[PDB]
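# Chains, contacts and geometry: an overview
This is what each chain is made of:
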Amino acid sequence: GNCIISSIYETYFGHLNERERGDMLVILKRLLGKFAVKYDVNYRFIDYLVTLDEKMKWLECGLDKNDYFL
């Protein structure tokens, strides 16, 4: 389920603002509940793809602390 969410997040949600991304996550979780595929309420793509060393390397390079830019 998290891999499905991660694929959709990577290839679909890269060009949406915060409110539309929230609505899209709401609709996608509604679809997952309708078709009964297990996913986490508290899943984070950062914890599954971004490492601490990579996060520090990007933070020192000038990246902001927002989840959006992360």
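- Listed as the method for this PDB entry is cryo-EM; the listed resolution is 3.3 Å.

### Points about the overall build of the protein chain
- Of the regular secondary structure elements, the protein chain holds four helices and zero strands.
- Reading the helices (α) and strands (β) of the protein chain from amino to carboxyl end gives α-α-α-α.
- Seen through its principal axes, the protein chain has C-alpha atoms that stretch 45 × 20 × 20 Å.

### Regarding the pattern of salt bridges
- Between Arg-21 and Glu-18 there is a salt bridge, with its nearest N and O atoms 3.9 Å apart. A residue pair is termed a helical-turn pair when its members lie 3 or 4 positions apart in one helix, as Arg-21 and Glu-18 do in helix α2 (residues 18–35) at three residues.

### Quick word on the environment of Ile-5
- Mapped onto the fold, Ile-5 is located in helix α1 (residues 2–12).
- Distance in space between the C-alpha atoms of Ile-5 and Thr-51 is 19 Å, their sequence separation being 46 residues.
- Discounting residues that sit within four places of it in the chain, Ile-5 has contacts with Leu-28, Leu-32 and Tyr-43.

### Considerations on unusual backbone geometry
- Positive phi, normally seen in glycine, also occurs at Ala-36, with a value near 60°.
- Of note, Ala-36 is situated in the loop between α2 and α3 (45–49).

What counts and what doesn't
- Residues numbered from 1 in each chain as written, not as in the entry; some residues may be left out.
- Part of a larger assembly, values for the part shown.
- Heavy atoms only, no water.
- Residues with missing side-chain atoms left out of burial classes, pairs and counts.
- Helix = DSSP H or I, 4+ residues; strand = E, 2+ residues; numbered from the N terminus.
- Salt bridge = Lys/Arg side-chain N within 4 Å of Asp/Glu carboxyl O.
- Contact = heavy atoms within 4.5 Å.

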